[PDB]
Amino acid sequence: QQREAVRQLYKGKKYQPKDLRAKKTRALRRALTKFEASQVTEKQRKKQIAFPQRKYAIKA
Amino acid sequence: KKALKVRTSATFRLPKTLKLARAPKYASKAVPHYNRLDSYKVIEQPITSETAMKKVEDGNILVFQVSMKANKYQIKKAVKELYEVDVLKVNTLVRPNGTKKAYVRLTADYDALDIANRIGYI
Amino acid sequence: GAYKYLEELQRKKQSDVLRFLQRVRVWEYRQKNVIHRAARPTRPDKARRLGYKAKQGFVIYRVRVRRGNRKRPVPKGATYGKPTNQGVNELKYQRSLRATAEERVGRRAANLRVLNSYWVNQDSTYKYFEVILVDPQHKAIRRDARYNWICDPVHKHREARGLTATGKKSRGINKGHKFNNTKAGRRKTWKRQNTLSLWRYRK
Amino acid sequence: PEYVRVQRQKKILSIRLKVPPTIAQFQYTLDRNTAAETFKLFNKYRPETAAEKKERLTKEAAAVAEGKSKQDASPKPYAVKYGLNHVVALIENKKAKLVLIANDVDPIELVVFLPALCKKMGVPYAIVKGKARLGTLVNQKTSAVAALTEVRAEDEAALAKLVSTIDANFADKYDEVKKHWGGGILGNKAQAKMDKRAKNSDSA
Amino acid sequence: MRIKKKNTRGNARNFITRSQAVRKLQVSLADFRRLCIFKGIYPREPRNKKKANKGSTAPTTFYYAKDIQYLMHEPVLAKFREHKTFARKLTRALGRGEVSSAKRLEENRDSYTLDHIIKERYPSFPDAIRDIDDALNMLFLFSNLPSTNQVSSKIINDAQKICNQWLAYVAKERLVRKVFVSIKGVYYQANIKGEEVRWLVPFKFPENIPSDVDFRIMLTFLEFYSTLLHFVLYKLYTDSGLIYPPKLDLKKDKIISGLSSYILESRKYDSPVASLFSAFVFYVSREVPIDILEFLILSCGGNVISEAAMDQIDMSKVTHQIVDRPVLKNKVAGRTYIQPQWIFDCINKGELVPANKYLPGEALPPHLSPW
RNA sequence: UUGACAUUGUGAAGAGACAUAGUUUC
RNA sequence: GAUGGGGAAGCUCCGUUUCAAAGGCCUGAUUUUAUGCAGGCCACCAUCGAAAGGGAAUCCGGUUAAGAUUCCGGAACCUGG
RNA sequence: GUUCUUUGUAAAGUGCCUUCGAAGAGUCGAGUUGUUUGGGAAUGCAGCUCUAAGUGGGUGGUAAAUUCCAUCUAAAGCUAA
RNA sequence: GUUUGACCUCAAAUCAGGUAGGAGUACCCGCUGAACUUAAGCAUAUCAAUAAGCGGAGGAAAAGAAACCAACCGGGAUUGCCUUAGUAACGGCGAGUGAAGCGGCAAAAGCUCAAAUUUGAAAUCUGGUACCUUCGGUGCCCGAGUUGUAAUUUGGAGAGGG
RNA sequence: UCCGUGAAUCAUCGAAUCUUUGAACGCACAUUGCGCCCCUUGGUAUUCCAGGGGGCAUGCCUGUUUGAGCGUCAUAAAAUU
């Protein structure tokens, strides 16, 4: 009861206590987030839009 | 122009400065952990060897198996809670089985006989 | 801008303006500790062409190493065997000196990552170096895709595995027929051509 | 403490040794008198603060779709130029009128080519004491350079005097400052030492 | 148990020095004095000083170190240390010289508030009502003296407004009980809900600032009583049901700056002292201090018009002329004539002595103080 | 152990050059 | 035998009070800086290392299959408040 | 597949003409010692000395000089199978 | 100017937030580094650029987009196999040692900065804090930063003007 | 209750617990040794005592706050009812 009482007052804010955080592993508590890997330079982002890997087929 | 501050000390020390208290953004371990050592945790079992019965009459003394982390203060309180009995003093020792035996001499007003019937072994 | 006005000047090391200014700095650098924090880069354009950018998450450590040869630490100078081994002061330490200074701070600021390093000043007793170090924890580095590759945990302690520029040179890793004995790595290609291949249908 | 005791002895060590004369064209810096006149001029021409910067858009954001401008309802800028490359960018074209130089930059070699550069490019310039006051006129901490390209119309004559005032006080006299190796000064215990060794050689 | 080093337990632990207290709070001297009014810790005595102070027979005051141990938490203490940085950065903003950043910072700062500290010090209503007596007394004193330094003529102007709302409640509800005049102003008593409050309006004379007590301090006294007296009167109007604060009238503020103004509105009497002098209207002379006549008569059902409102500006409705003059000429046969002593001896009793006695200038029993 | 170089600067006087305007070989 | 440091490719080595900013005490009406602390004083340094050295204070009688200067009985004493 | 939002005169691409065209230094290199390599008159690395240039520099498996040609762009960096 | 206030420099905190050590160590990257052994015995050599020692990673690592190879009608990042080839070479030319280019195949993928003024507007970002639909968003604020953060261009080009 | 919130050393596993330890982190350690801080409760309790709960390693980075250093501060003469 107390842990689920604690979660809601710490719901929706940065820095909740470590024991109620993810456990996943020591590697994955490091190891850049999905946003931080998806984050791209501006230049190749221009390059990706201008020429994305197209789709094609060789028949006729 | 310069007015150096006069130093009659020859020795310069680290100047004192402000030292904060911590202001945690989040709690330490998110739940205050409950009591490790309440009364029922402390006093485990009475000890009903026949020689213990001797110090019942002749000593007005109860004997109990006490948990290892406890001590003579915590024994004195936890008895006085669970039975409402005034303790004169508590001597302890450690039995070579691995347990902690504690002789509890009651005060002169109360009786070890009455509590013994009230606890159930006799 | 003032990019070249330092850089073309910086080559002129025996000039009178520098060898004054150098000789000022070497006196200062002896006075501090062996490793200390340089608050700002001495040679910023030289730091630029290594890849320094001035933002939060880029630390410059000035660092000092002992010049000389490498003495083998045998007791009383004994060799114990084939007496072919010549003078104990003549063992010459395969890595560079520059590679030492990276590791000497690399063991210190473990939270940092050793980006690169370069010469600043020298002496008969000591040579000095200036090392650029990058925090992977700092959120400005975790964004900005030109740098966040180093936050990958395969780049832990690149200097100890010798993966910097001077690490690659002391290992001697470049293309070309003068590099046949190690092009892919000395042990790795040693192990290939000392290995008996056996196919099933014995060729 | 040592960091005290280091920074004092370095100040000594700078002055005991013979400095090369392409340095110590520094510290023949500008007087306090004419420099105090100069800062009155440049404080008229501060660069825009971030509040006014934030405001200036919001005026013309209420004017772009509303009236008609490619932000040309906004006036024309007048401020100093302060970026170090951006100074060197505005020299060599050349486009500066006055360029200031701070005496103390901790990598001194960031600066030492500039007075020789302005001499070649015909740029009137001056060495002022203090990079911090150069920061204060630009809302940075330190600046190490300070230049000015244009100026409003009434403000010309005061500028045109100082340019004549500075270059006589500085740039003309200071070609022979290619000579004068500085820094031969001794400490006072040695100063009293060499006198008594020479004075009592000469008299009794 | 390893014999235990005499100078720790008991007296040495229970009390500490001023100097040690300032050292452990890490604040300053005068701010510690500011907090010891806010909490406010009074210093104590041990019953044995030489044990309390390691043998040192020395003049030294002590402080119940548990209270400082309590005092260290104190969310007020942060905002002092917030405000110190505000005095640091602002001088840099002008010392460099940059207005746009500077007077941005003024509107981005927070005064400390006293709201939590009183509702723990007085739980909640009736406790401070017993102690409101000592609060009111400096307020009327500090609203008297003229514009001097370490006072900063801002601060006079609030105490005008707060004291007005004090009189506005009492004259509305008609509770004035025991009025006594001395040379030290006019003593009062009001039985406000049980507990009864004597208090004082001193004589309005700009007598000199003595400048021996420190007037950095009594502003903190002044701020303390102010934020108290908000939430007192905030309840007291809404206890009566009235709005808080009452808006004043700014041209009535330029009439008399007084009890004609400060109209109240919401969202039978005390009997006998309330609804005395009712439907019974006075027109005073010019000489008389309406500062202390007017609130007396409104807080006992009576209506006043003054000659002081006639110099700035019919006289047919009124019953009496309270007049404090040697000669009176020429007076109205329909009006009855007293000296203002008659106001005091009535409401000292609520027994309505006749207007025959005083009748200027016939002689007087001086006051016969009601205590 | 002895020698050279580097660390290592500022100067003067007596022995080689401008062939006897001050930048330097004993 | 750590730290300050200095060596050492490194495991680690060196040294123990040293080439360190190595704390803690008092006064205040710091007399105005107007809502920011002022003035003094004092001048050394982790820890481990003796159940035979150093070291606060308990005696007697009685009692159990087995414990006792430790329980009981009586009579003391030390230390701190 | 379905469905919502579309953004934009916003970015990107392509032709001609004309000016240009920034490109990493105690590095490169050489000598010397030591180690290593099939590398041999020096394959590489490293110590200490010496220390570059910009129609330049590296390399073209024998020591130099002289004249060519061929070919790449050092001393900064990332990257699946 | 005996003052004010920057700035620099270096500290200090049970400060706000993080982070490092240890384990494992088959394979990987380094450094350091023997001898029995075989050469007659042996001080070259050999075993061997190996064993032990030490440092540091990952599911792969490393290397990887020519300061290449060639000398052709020229090829074109790296890796791995088959060949080349026990060959050219090295060595008391003794014992012994010992490559790479081309060819075929597997797998195939390319790229970024430094160094050109945005100068008519640092256009960039950490954090605090508040709401939010929360691997983040938006606002506000201390900041950082011009001794240079974004956009723009990395030689195959490219930039500017038309 | 057997017509089920349901046996089990069952399976599965996302929620918890996790003694003293240990890179082991308040100081130590051949010891269940010795502190310091904060909060709370109790014993007659302002002091005394006890219990409970939570804290206190080092290096390093970023930031905040508090600092310290003649490191940078220094220039004008002259003269009348």
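The record names cryo-EM as the way this model was obtained, at a resolution of 3.9 Å.

(A) A look at the protein's contact with RNA strand G. Taken together, 47 residues sit near RNA strand G, with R104 and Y126 of chain C together with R18, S19 and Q20 of chain E positioned nearest. At the protein interface, 58% of the atoms of RNA strand G within 4 Å belong to sugar or phosphate. The contact in question runs from a sugar or linking oxygen of RNA strand G to an N or O atom on the side chain of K55 of chain B, over 3.3 Å. Note that a base nitrogen of RNA strand G is positioned 3.1 Å from one of the backbone N or O atoms of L29 of chain E. Within the residue set of the surface near RNA strand G, elements represented by two or more residues are α2 (50–57) and β3 (87–95) of chain B, α4 (98–106) of chain C, α1 (2–16) of chain D together with α2 (18–25), α3 (29–38) and α6 (75–96) of chain E.

(B) Geometry of the nonpolar core. Formed by 73 residues in total, the largest nonpolar core has its most connected members in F32, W166, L229, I322, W342 and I343 of chain E. When sequence neighbours within four positions are dropped, the list of residues in contact with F32 of chain E reads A21, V22, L25, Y63 and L71 of chain E.

(C) Spatial organisation of the pattern of salt bridges. Applying the stated criterion to the full structure yields 21 salt bridges over all chains. For the salt bridge of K12 of chain C with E8 of chain C, the shortest nitrogen-to-oxygen distance reads 3.8 Å. With a relative accessible area of 41%, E8 of chain C lands in the partly exposed category. Here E90 of chain C makes a salt bridge to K92 of chain C, at a shortest N to O gap of 3.2 Å. Overall, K92 of chain C belongs to the partly exposed group, its relative accessible area being 47%. Salt bridges here are not isolated pairs; linked through shared partners, they connect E36 of chain A together with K139 and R142 of chain C.

(D) Looking closely at the interface of chain C and chain D. Contacts between the two partners involve 19 residues from chain C, matched on the other side by 22 residues from chain D. Between chain C and chain D, roughly 1,900 Å² of surface is buried when both sides are summed, and carbon and sulfur atoms account for 74% of that area. The largest per-residue losses of area from chain C upon contact with chain D belong to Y5, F20 and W27 of chain C, which jointly make up 30% of the total buried on that side. Linking chain C with chain D are one salt bridge, by the criterion used here. Its salt-bridge partner being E109 of chain D, residue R25 of chain C comes within 3.9 Å of it at the nearest N-O pair. Viewed at the interface, chain D and chain C are joined by one residue pair in polar contact.

(E) Fine view of the layout of surface pockets. Residue and element names in this part refer to chain E. Computed from the structure, the second largest pocket encloses a volume of approximately 1,500 Å³. In this structure, the second largest pocket is lined by 45 residues; those nearest its centre are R34, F80, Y112, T220 and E223. Those elements giving two or more residues to the lining of the second largest pocket turn out to be α3, α6, α10 (154–173) and α11 (217–240). Taken together, the residues of the lining of the second largest pocket break down into 18 nonpolar, 11 polar and 16 charged.

(F) Focus on the protein's contact with RNA strand J. Taken together, 51 residues surround RNA strand J, and among them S28 of chain B, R37 and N111 of chain C together with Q69 and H73 of chain E come closest. By atom count, sugar and phosphate contribute 80% of the portion of RNA strand J lying within 4 Å of the protein. Contact distances for RNA strand J include 2.9 Å between a phosphate oxygen and a side-chain N or O atom of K129 of chain D. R9 of chain E places a polar side-chain atom, nitrogen or oxygen, 2.8 Å from a phosphate oxygen of RNA strand J.

(G) Representation of a positive patch on the surface. Together, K18, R21, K23, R26, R29 and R30 of chain A together with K156 of chain C give the surface a local cluster of positive charge. Position of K23 of chain A among the secondary structure elements: in the loop between α1 (2–9) and α2 (34–38). Taking the relative accessible area as the measure of exposure, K23 of chain A reaches 67% and is therefore exposed.

Thresholds applied
Residues numbered from 1 in each chain as written, not as in the entry; some residues may be left out. Chains lettered and ligands numbered in written order. Part of a larger assembly, values for the part shown. Heavy atoms only, no water. Near = heavy atom within 4 Å. Polar contact = N/O pair within 3.5 Å; in protein donor to acceptor, adjacent residues only side chain to side chain. Helix = DSSP H or I, 4+ residues; strand = E, 2+ residues; numbered from the N terminus. Core = buried A, V, L, I, M, F, W, Y, C linked by side-chain atoms within 4.5 Å. Buried < 20%, exposed > 50% of the residue type's maximum accessible area, 1.4 Å probe, protein only. Contact = heavy atoms within 4.5 Å. Salt bridge = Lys/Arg side-chain N within 4 Å of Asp/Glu carboxyl O. Buried area = accessible area lost by both parts, 1.4 Å probe. 1 Å grid on protein atoms, 1.4 Å probe; cavity = no way out; pocket = protein on both sides within 12 Å on 5 of 7 lines; lining within 4 Å. Points joined across faces, edges and corners; volume = space filled by probe spheres on them. Nonpolar A, V, L, I, M, F, W, Y, C, P; charged D, E, K, R; others polar. Patch = residues over 30% accessible without salt bridge, like charges linked within 9 Å, V, L, I, M, F, W, Y side chains within 5 Å. Areas by Shrake-Rupley, 256 points an atom, 1.4 Å probe, with all protein chains shown as cover. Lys, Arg positive; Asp, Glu negative; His and termini not counted. Charge placed at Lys NZ, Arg CZ, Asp CG, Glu CD.

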